[PDB]
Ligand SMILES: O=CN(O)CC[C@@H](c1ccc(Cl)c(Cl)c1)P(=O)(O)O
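The chain below stands alone and is given as structure tokens, in the form deposited without the ligand.
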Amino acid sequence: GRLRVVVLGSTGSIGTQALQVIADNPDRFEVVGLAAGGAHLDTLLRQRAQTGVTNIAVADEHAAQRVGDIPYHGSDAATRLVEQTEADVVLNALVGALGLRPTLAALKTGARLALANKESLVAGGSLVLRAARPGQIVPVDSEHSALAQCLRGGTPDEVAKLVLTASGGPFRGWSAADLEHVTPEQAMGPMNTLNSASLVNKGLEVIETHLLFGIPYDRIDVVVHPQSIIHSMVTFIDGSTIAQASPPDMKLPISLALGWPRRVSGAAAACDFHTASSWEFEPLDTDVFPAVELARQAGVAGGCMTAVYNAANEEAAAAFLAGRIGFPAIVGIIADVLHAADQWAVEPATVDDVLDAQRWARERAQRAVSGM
């Protein structure tokens, strides 16, 4: 009785690592579907050959044509694959807010959603939550996987605080003036790396924490931990903190999300306490790095505001990577877009509501770029 797994974004870092965990664990997992964008066809063809899975979605029509025998092709390909494939688990490792429809489709099938695409939850907000049963979304994000594990340390009424760790990025300790000169070269993928550096990733993760676990924003702490060995912690009402620790390796949270609640033997190397190490903690410099506070503000506003936060980032980040704006302008644009986003506090009733909010935010972010 193997779990049938659909892997969305199969050719990316998380996707390939997931396929490796599945290949190492044939008694527990079986691949039944693959989805890819179409930029890494070499990898996709190998994946088809090795897994024997022809049930494949390709987003780019030209790429799907170039390949051949692809049953699902076009922008809605991944969504239709999910809708029409019998599965126990959908791993959503697509990139960006475009993971939204496949996330909704997955939840509506009743399968466990192993979520790597944090953007679909951040953007979807209550719309995504209303489609899910309790515990149906299982995080692949390292911090949230850690939180889920640490929450086993007590009952829900015993939780005082959730403590999200953050690497601090390559610019930890830098001044506001220092960040002016940051180049795209200095800052997994281009977006994952950049969002880490700008602290917008951590803002997205704070929102993700609130939505997954239902804890109020004022009880979600962020601490900088440069070693990235402690992946997050939960503080309980008696003063006890339970923390999860492991050498960085996404195969650990991937494996746990795929097989929840059961741990997968040998998924990753454990901390080695026969060698010296230091786990350091320091407060986030919120003045220099206000992305987390902006996320909290968007989160408290709720409705479609978190979709706005993410959409504004996607556009500003693209502008930065293209050499059009400076590094500090990323969070500057997000703030400008949010201040103008009055009407988006309304709760999304349909996917179209979220899409409307994102459309508006993308336009407004472009407006903000044009004024620079």
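Start at 1 with the first residue shown and count on from there.
The discussion below concerns the form deposited with the ligand bound, not included here.
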4.5 angstroms heavy atom contact with the ligand in the deposited complex for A166:
yes
With a cut-off of 4.5 Å between heavy atoms, is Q244 one of the residues that contacts the ligand in the deposited complex?
no
Within 4.5 Å, heavy atoms only: does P184 come near the ligand in the deposited complex?
no
Hey, in the deposited complex, does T85 get a heavy atom within 4.5 angstroms of the ligand?
no
So which stretch, 288 to 296, 260 to 268, 140 to 148, 155 to 163, is the one near the ligand in the deposited complex (non-hydrogen atoms, 4.5 Å)?
140 to 148
I have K118, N201 and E205 flagged as a candidate spot, so tell me whether each of them has a non-hydrogen atom within 4.5 Å of the ligand in the deposited complex.
yes
Select from the listed residues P216, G173, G110, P248 the one whose heavy atoms reach within 4.5 Å of the ligand in the deposited complex.
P248
